[PDB]
Amino acid sequence: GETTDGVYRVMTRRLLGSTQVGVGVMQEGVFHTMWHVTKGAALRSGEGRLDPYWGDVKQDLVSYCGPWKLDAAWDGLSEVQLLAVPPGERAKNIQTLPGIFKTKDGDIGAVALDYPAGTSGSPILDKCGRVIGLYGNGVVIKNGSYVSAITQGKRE
Amino acid sequence: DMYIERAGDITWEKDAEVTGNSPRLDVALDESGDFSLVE
Ligand SMILES: NCc1cc(Cl)cc(C(=O)Nc2cccc(-c3nn[nH]n3)c2)c1
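Protein chains in written order, with the authors' numbering: chain B, 16 to 171; chain A, 50 to 88.
Structure below.
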């Protein structure tokens with residue numbers, strides 16, 4: 016299968032035609048996506064197979080072929096880019112200044128950009144091109160709009 | 050049966066379209082991984 020670093024669409028042929036259920040990041044031989052995209056199922060890459068390695072429903076994250084590799088963090092001050100990969104549309108960078116999710120266990124960066132559900136797993140980057148988290152798990156605020164957490168895993 | 054297809058490189062684009070606001074929201078995260086607003 017294709018193991019070159021980069022952003023990938025996650026597709027299924029179970030429904031009508033070929034449907035994009037999400038997106039993920041290939042880095043250092045490991046595929047990273049959100050748990051709600053695959054539900055922890057195996058993935059195909061050409062003629063090859065990718066098996067889940069680590070996952071956690073509460074964090075809404077999953078890694079394939081190896082442990083979670085992404086460890087960059089938002090600096091709390093700078094604008095970032097969502098590399099949105101929407102269903103049936105070209106990958107496109109959107110720059111934004113994150114807001115904050117304030118929780119009882121600490122603060123998390125949040126991006127107030129609204130894309131179709133099939134865009135879940137698109138990476139959010141810092142100015143160095145490092146993935147600081149994945150887009151797609153958030154909340155609907157008092158205007159019908161969407162705000163996603165910047166969801167990042169832990170590198171063991 | 051799910052499959053992956055490459056969509057691009059991961060790079061910062063100089064002079065990309067800049068949009069979106071920066072809301073500060075009080076939120077709760079449950080055991081099922083769902084975020085909700087705290088009011
Ligand atoms: N258009 C707003 C928007 C954008 C994006 Cl990128 C994602 C969503 C969304 O629904 N995310 C989500 C989070 C957690 C569980 C699930 C889910 N569970 N099962 N099937 N999906 C789905 C919504």
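Cβ atoms here follow ideal geometry from the backbone N, Cα and C, with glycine treated the same way.
Buried or exposed by the 16-neighbour rule on C-beta atoms within 10 Å, applied to residue i
i, result
"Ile156(B)", "exposed"
"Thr68(A)", "exposed"
"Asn152(B)", "buried"
"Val87(A)", "exposed"
"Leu92(B)", "exposed"
"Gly103(B)", "exposed"
"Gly168(B)", "buried"
"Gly133(B)", "buried"
"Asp120(B)", "exposed"
Close Cβ partners of residue i (< 8 Å) along its chain, the five nearest in sequence each way excluded
i, result
"residue 196(B)", "This structure gives no information on residue 196(B), because the portion of chain B shown stretches from 16 to 171."
"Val72(B)", "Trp50"
"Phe84(A)", "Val76, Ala77 and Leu78"
"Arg64(B)", "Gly16, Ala57 and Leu58"
"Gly55(B)", "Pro67, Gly70 and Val77"
For residue j and residue i, the rounded distance between their alpha carbons
i, j, result
"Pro67(B)", "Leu58(B)", "8 Å"
"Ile109(B)", "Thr166(B)", "17 Å"
"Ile115(B)", "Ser81(A)", "21 Å"
"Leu30(B)", "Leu128(B)", "27 Å"
"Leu97(B)", "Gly70(B)", "23 Å"
"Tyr150(B)", "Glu17(B)", "23 Å"
"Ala106(B)", "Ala56(A)", "6 Å"
Residues of its chain near residue i, where Cβ-Cβ distance is below 7 Å and the 5 sequence neighbours each way are ignored
i, result
"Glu171(B)", "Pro82"
"residue 5(B)", "This structure does not reach residue 5(B), given that chain B is present from 16 up to 171, and the question cannot be answered."
"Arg24(B)", "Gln35, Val38 and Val100"
"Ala87(B)", "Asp141, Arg145, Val146 and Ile147"
"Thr27(B)", "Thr34 and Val36"
Whole beta strand (DSSP E) runs in the segment 33 to 112 of chain B with 3 or more residues, listed along the chain? 34 to 42, 45 to 48, 58 to 60, 63 to 65, 67 to 71, 76 to 79, 95 to 99 and 107 to 111
Which residues are close to ligand 1, meaning CB closer than 5 Å to any heavy atom, in chain order? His51(B), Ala132(B), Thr134(B), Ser135(B), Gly151(B), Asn152(B) and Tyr161(B)
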